[PDB]
Each structure stands twice: as C-alpha cells, then as structure tokens.
Amino acid sequence: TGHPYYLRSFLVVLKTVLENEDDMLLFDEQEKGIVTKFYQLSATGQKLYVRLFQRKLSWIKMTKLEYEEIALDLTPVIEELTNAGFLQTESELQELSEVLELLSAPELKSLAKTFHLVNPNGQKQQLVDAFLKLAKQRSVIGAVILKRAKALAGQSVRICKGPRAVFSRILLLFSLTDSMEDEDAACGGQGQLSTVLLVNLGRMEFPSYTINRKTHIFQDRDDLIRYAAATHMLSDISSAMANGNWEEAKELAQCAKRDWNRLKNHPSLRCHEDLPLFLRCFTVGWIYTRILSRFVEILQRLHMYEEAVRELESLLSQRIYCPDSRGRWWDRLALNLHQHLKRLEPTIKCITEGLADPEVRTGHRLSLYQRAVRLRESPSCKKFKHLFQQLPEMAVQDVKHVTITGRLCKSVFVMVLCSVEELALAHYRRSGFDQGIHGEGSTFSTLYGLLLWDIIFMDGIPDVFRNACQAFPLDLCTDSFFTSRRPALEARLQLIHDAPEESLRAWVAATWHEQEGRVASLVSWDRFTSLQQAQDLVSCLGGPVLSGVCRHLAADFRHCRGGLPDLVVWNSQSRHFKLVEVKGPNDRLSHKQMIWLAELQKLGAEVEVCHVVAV
C-alpha cells in the first residue's frame, strides 16, 4: 500500500519539488525526462534505484547486492534499470584497478593463488599493487587478470552519474523547504538526505499553512548548479574535518577559496546579496562564506594562527553573508590574537569593535564583555586607559550554585548505580520538587510553539512558505521573523503575560488538541508525558515568565534557542518551581546559559546551577 524505507519518502521529495513552479524552471527538457523515466519504472525498479542512489558512487556487486525485500531475483530488475539509462552493468567495468578493489579478501587471495606469480599473503593494498604492476609491464598477462577477476567478482552495477545528478539537485532543492534552514544543515554525503528525514517523511503529517512564494531564489539552471557544486564542496570539507584529515581539509578549502574569488562580481552574484536574509542562505555566496568559516576552524586546528586571524578579519570585514556568525568570528578572533599571537593592541581593537557590533548577541556578547573586564583590571594591560571604556555593566551574576557527589563505580554512581542526571533529579525530588523534565531546551521551545502556533504558521508573510513539507516558516531564525509579524506577536505576547493560570492551561490545551503530532520544528509532542503535565508546568511558570521566554525565542531564536535551562523541576501541590542548569563532572556553564539564567531571574523565576562531582 506504500513504498519502502527509502522510496515512499523519495516519492515525497519528487512530488514536492515537481509541483514547485520556480523549481521546475531550473531543469532543462532532457532532465525533466529523466524524472518521467523514473516514474515509469516498476515499483521494484524504483525501489532498487532509491536503494542504490543512496549508496556511495562506486561499483557495487550483485553478490554484495541482495535486496530480497525488493525481489528474489534482481536481474530482471537490474536489466530494467540499464535499459532505462539509470544503471550500468559490468560489461562496462574495464578498469582492472576498480575490479581488484571490488573483490573481497577471500576473493583477492583466490586471484593471488591462481596467479602463482603473486605472493599469496598480505593486506588488500599489498596484493592490489602487485597485480597492478604486473599488468602494466605485461598487458597481454593483464587482460587475463581482468577476465578472471571480473568473473570472480560476479555481476556488478554502478549508478549512471547522469540522472543521479538530476535527483541530487531535486533533492537539494527539497532541502530548502523543511530540512536545512533551522540554521544551515550538515550537507554531507554528496548524494542523499540526512537520517532525520528520509526514513520518516512518508509518515509525517505537516502543519497547515498557505504556500506563497514570490521571489526567485535561483536565477537560471546554472545558478542552481553553482549552488549544488558549492554545497558538495562544503560537504567534503565537513567530511574531511570529521575524520581528522585536517591537512586534507585545508587543501579542499584552499581549493574552494580560489573557486570563490574567481566567482564573485559575476552577473548573478549581486542579486543574491539583495535577497532577504532568510532566502540569502540559499546562495552560492552564503555557502562559500560557510566554507571560509570552516576554513578558519581548520587553520586553527593546524596551529596556523596568523592564517586564521587574516581569515576571520576578512570574513568580518564583510556584512552581507552569515551575520548570525559574527559573534563567533569576533569571539574566536579575540581568543587567537590574545592566547596564541599574544598581540594586545589588536586584541583590544577586536574586543572593542566586536562589542560595537549590534550583530553579536547573547553569549558571545557576554563573552567579549568578560574578556574586556579581565583586560581592564589586568595589570599587564594597566599602562593605558583602554577598557574602563564606558561599558554597559552587563553583570555575570553568579546565581545559586549547588554541588552533588555519588558512590562512583559512561560515568555511573551509587545510590545500585545511577546516571548523572538521575542524581540531579534525585537531589531535587528530596528538596521537595516531585516533578521534573530532563529536556534541555525543548521543554521551553515546545511551550513557545504551543502558545504561538497560529502566529508562527500565520498567513501573510510572503516567501516564508515555499512548498509542501515545511515544519517552520523560512524566516523563523532571522531578525525578520519578529518584525514581519510585529502586531500579532506583541498582541499575544502581552495577552500571555497577563494571563491567569487557567488561560494558559486553556491556550495550551487549544493547540495540543488541534495539532497533536503535526511536524513543527519547535514542538516535541512527546516531550511532555501528556497535555496535563504541560498544563501543570505552564501553571507554575505563569504568564510573565512564559511571556518573557517566548519573546526572546521569537525575537532572536537564532541566538536564544541554545542555553535554556537543562532541567525544570516543580512542586505538584505548592506550584513552586526551579529552572536548573545541570553541569556534569567535566563540563562548565556556557556563556549562553549564564545569560539565560540571568534573563530568567530578571523575569522572576527561581534559577540554579547544579554541579555534579566525581566520587
């Protein structure tokens, strides 16, 4: 009745992207055919394709194939895909070096033994190279090694890189909707989805809203190609970093930076700058900036600090791209110039101008401030007047701290062993808070989503709902979310501030009852054990607190989503509650959390830091 792991979901990606006019002006006549071709295979054919499309781009064996859930005999199926131009079979596998890599370790030794010439034992690389030398010098023993190694490897397929790229692009276009822009996504793999959203796309029921694009994100067919190209170039650098191939990373990024310097000034790359920030992230320029941002992360890892500093500054000197990141760029720059390069004058310039940037928010803001008080009080600095410098006294108030310690044996303790967060909950349960939610951000986030649902999904803001499978308006993570909905927000926000506990209980029930399960990026439906609990909690928190938290979340979700209190405990009978920031044995309070706790206290909530120490 539906289609497999990969396929029902793939079919959504296809359906969604095809019904999008602007998206379909980005594919030539030929390419669109490749879609109609796909739609015209057997389900079995579609299923096998999806399965393989998701795999690495290389030769894959028929023995290493065995998709029995697809068919008991895959050869009529593979046949169908080859005839359709989607797949290629081994009668086009001619590179001996490829065929050698394709064999197993039992199979290599079979080719190694039945070629007495080769010394039978060794690692895969040791045998492959021996075979490769032997065929270069003597081509007419070479084609004999191929003829046997091919037979021994059996039937084999590889994806036609032609149509692959069409779907890859279709799938990249699908990432604008949904996937990416709750701050820009992983991008890693150069072919497939991220794990979060293949498996579950077909099950998912989305919140209702009115689609209404009016701007063209991509100019002509080639823009999208430059975009795609860039995205992949990013993915690889991400990938290289993940595996600690920093030198590899450095090359890829150096490579990219050159590709970018070549690329600006072009006919297209003005335009994109003048896109609203919430669409500007889907631009070649944005991607490169992200790459360059990673480039600094790399150079830093490779102790190449003057390079990082030159980069950071050049990134900051521009305003168009990734403003949401300057807080980091500044912070990180100050860190370098101080810790590593040990250069005072520029360390202060940095901290000064960084604070003069309205763009640096919350935690990095607070960070730079602290780096400034430490610098002003500093004796090694005192030969001057350089930071008494009219600094709005943004206190880092130490809030109530608490420490705990349990009979230590993953760090497990004795109370019977128990976790670090079990210890923390336990502590509060015996301080008279029977209830508790070990959320970490989402508790609050979902409450806000619950209380502002209709405002979030609101009609009227153009270009924020561009197609079918969106869990948020595209502008949610941008200063513009608030501004574009100002009247409506201020309204509800005040309403909530002056609401009696029953109205809160009501409005939360209202949404819950109308939406329970629709995919909305802010709301975790199972985060509360039931509406009742969610209601109990809003009743403790009360209007003003909920109002405040909501406002920050709406006004600056980008720089406020993080840092919210880890754990929320409360008393069932007395309605007293406490917002706690749990700290395991080997981590500290982030600046973001310091900020959030302070903010919450300003709002009149009981807050607390909790340290758990080793036994």
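The rules behind each value
- Residues numbered from 1 in each chain as written, not as in the entry; some residues may be left out.
- Heavy atoms only, no water.
- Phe/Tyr/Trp six-rings, centres within 6.5 Å; stacked < 30°, edge-to-face > 60°.
- Buried < 20%, exposed > 50% of the residue type's maximum accessible area, 1.4 Å probe, protein only.
- Helix = DSSP H or I, 4+ residues; strand = E, 2+ residues; numbered from the N terminus.
- Contact = heavy atoms within 4.5 Å.
- UniProt positions renumbered as here; feature names shortened; annotations may be inferred.
- Pairing = 2+ DSSP bridges.
- Axes fitted to C-alpha atoms, helices over the stretch in contact; angles between N-to-C directions.
- Left-handed = near helix turned anticlockwise from the far one by under 90°.
- Nonpolar A, V, L, I, M, F, W, Y, C, P; charged D, E, K, R; others polar.
- Salt bridge = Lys/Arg side-chain N within 4 Å of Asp/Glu carboxyl O.
- Polar contact = N/O pair within 3.5 Å; in protein donor to acceptor, adjacent residues only side chain to side chain.
- Domains from an automatic or database assignment.
- Buried area = accessible area lost by both parts, 1.4 Å probe.

S.K.: Got a minute to help me understand the packing of aromatic side chains in this structure?
M.R.: Pairs of aromatic rings are described using the distance from one ring centre to the other and the angle between the two planes. For the structure shown, the criterion picks out 23 aromatic pairs. When the centroid spacing of 5.6 Å and the interplanar angle of 70° are considered together, the rings of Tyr 49 and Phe 167 count as edge-to-face. Across the pair, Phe 167 and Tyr 49 agree in class, each one buried. Relative to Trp 525, the ring of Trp 512 lies with its centre 5.2 Å away and its plane at 85°, an arrangement referred to as edge-to-face. One end of the pair, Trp 512, is in helix 25 (residues 501-515); the other, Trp 525, is in the loop between helix 25 and helix 26 (531-560), with 13 residues separating them in the sequence. Among the residues examined, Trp 512 registers a relative accessible area of 8% and is labelled buried. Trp 525 sits in the buried class, given a relative accessible area of 14%.

S.K.: Help me out: how do you make sense of the environment of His 3 in this one?
M.R.: Among the secondary structure elements, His 3 is positioned in the segment before helix 1 (5-18). The spatial distance from the C-alpha of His 3 to the C-alpha of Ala 43 is 8.1 Å, given a sequence separation of 40 residues. The residues contacting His 3, other than those within four sequence positions of it, are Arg 8 and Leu 11.

S.K.: When you look at the UniProt feature "coiled-coil region" in the chain in this model, what are you seeing that I'm missing?
M.R.: Feature annotation in UniProt places "coiled-coil region" on residues 293-318, given in this structure's numbering. Helix makes up 81% of residues 293-318 and strand makes up 0%, while its end C-alpha atoms are separated by 12 Å.

S.K.: Would you mind going over the sheet that holds strand 4 (residues 401-405) with me for this structure?
M.R.: The strands making up a sheet associate through backbone hydrogen bonding, with each pair oriented either parallel or antiparallel. The strand order across the open sheet built from 5 strands is 4-10-9-8-7, with neighbouring strands paired in mixed fashion. Of all the strands in the sheet, just strand 4 and strand 7 (435-437) have a single pairing partner and so form its edges. Here the strands of the sheet are splayed against their neighbours by 25° on average, with no regard to which way each runs. Of the strand pairs in this sheet, strand 8 (residues 567-570) and strand 9 (residues 577-583) are connected by 4 bridges, and their pairing is antiparallel. Opposite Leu 567, over in strand 9, you have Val 580 as the bridge partner. Along the sheet face, helix 20 (residues 420-429) touches strand 4, strand 7, strand 8, strand 9 and strand 10 (607-613) and points at about 120° away from the line of strand 4. Across the sheet, helix 26 lies against strand 7, strand 8 and strand 9, angled at about 80° from strand 8, the strand it touches most.

S.K.: Help me understand the packing of helix 1 against helix 3 (residues 29-39), please; the structure alone is not making it clear to me.
M.R.: A pair of packed helices can be characterised by two numbers: the angle between their axes and the separation between those axes. Packing of helix 1 against helix 3 leaves a shortest axis separation of 13 Å and a crossing angle of 140°. In this structure, the crossing between helix 1 and helix 3 has a hand that is left-handed. Along its contact with helix 1, which presents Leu 7, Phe 10, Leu 11, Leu 14, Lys 15 and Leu 18, the element helix 3 presents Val 35, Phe 38 and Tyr 39. For the contact of helix 1 with helix 3, the per-class residue count stands at 8 nonpolar, no polar and 1 charged.

S.K.: Can you walk me through the pairing of strand 3 (residues 156-159) in this structure?
M.R.: On a regular strand, one side chain projects to one face of the sheet and the next to the other, so that they alternate. Relative to strand 3, strand 1 (residues 60-61) runs antiparallel, the two being bridged by 2 bridges. Among the inter-strand pairings, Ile 60 is bridged to a residue of strand 3, identified as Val 157. Alignment of strand 2 (residues 87-89) against strand 3, held across 3 bridges, turns out to be antiparallel. Bridging across to strand 3, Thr 89 finds its partner in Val 157.

S.K.: Please explain the sheet that holds strand 3 as it appears in this structure.
M.R.: On the basis of which strands lie adjacent, the open sheet formed by 3 strands has the order 1-3-2 and antiparallel pairing. Sheet topology places strand 1 and strand 2 at the edges, where each strand pairs with a single neighbour. Each of strand 1, strand 2 and strand 3 is contacted by helix 4 (residues 43-53), which is oriented at about 75° to strand 3, the strand it contacts most.

S.K.: In this structure, what is going on with the pattern of salt bridges? I would like to understand it.
M.R.: Between side chains of opposite charge, a pair can form when the charged atoms approach closely. Counting across every chain of the model gives 35 salt bridges. With its nearest N and O atoms 2.8 Å apart, the salt bridge here joins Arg 221 to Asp 28. Here the residues in one salt-bridge network are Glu 21, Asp 22, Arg 213, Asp 463 and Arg 466, joined through shared partners.

S.K.: What is the right way to read helix 20 from this model?
M.R.: It helps to recall that an α-helix has 3.6 residues per turn; residues three or four apart then point in one direction. Every buried residue of helix 20 is listed here: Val 420, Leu 423, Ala 424, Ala 426 and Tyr 428. On its buried face, helix 20 is in contact with strand 4, strand 5 (413-414), strand 6 (417-418), strand 8, strand 9 and strand 10. The N-terminus of helix 20 is capped by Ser 419, whose side-chain oxygen sits 3.3 Å from the backbone nitrogen of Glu 421.

S.K.: Explanation requested: the domain arrangement of the chain in the structure shown.
M.R.: Quite often, the size of an interface is put as the accessible area lost when its parts meet. Taken domain by domain, the chain holds domain 1 (1-93 + 155-218), domain 2 (94-154), domain 3 (219-396) and domain 4 (397-615). Each of domain 1 and domain 3 has a C-alpha centre, and the two are 35 Å apart. In this assembly, 22 residues from domain 1 lie in contact with 22 residues from domain 3. Between domain 1 and domain 3 lies a buried interface of about 2000 Å² when both sides are counted; carbon and sulfur atoms form 63% of it. Together, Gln 190, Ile 217 and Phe 218 form the three largest contributors to the area buried by domain 1 at its contact with domain 3, with a combined 32%. Summed over the shared surface of domain 1 and domain 3, the result is 3 salt bridges. At the boundary of domain 1 and domain 3, one finds 8 residue pairs in polar contact. At the level of elements, helix 10 (161-174) and helix 11 (176-180) are the ones that each hand at least two residues to the side of domain 1 that touches domain 3. Broken down by element, the residue count for the side of domain 1 that touches domain 3 peaks at 3 residues, all from helix 10.

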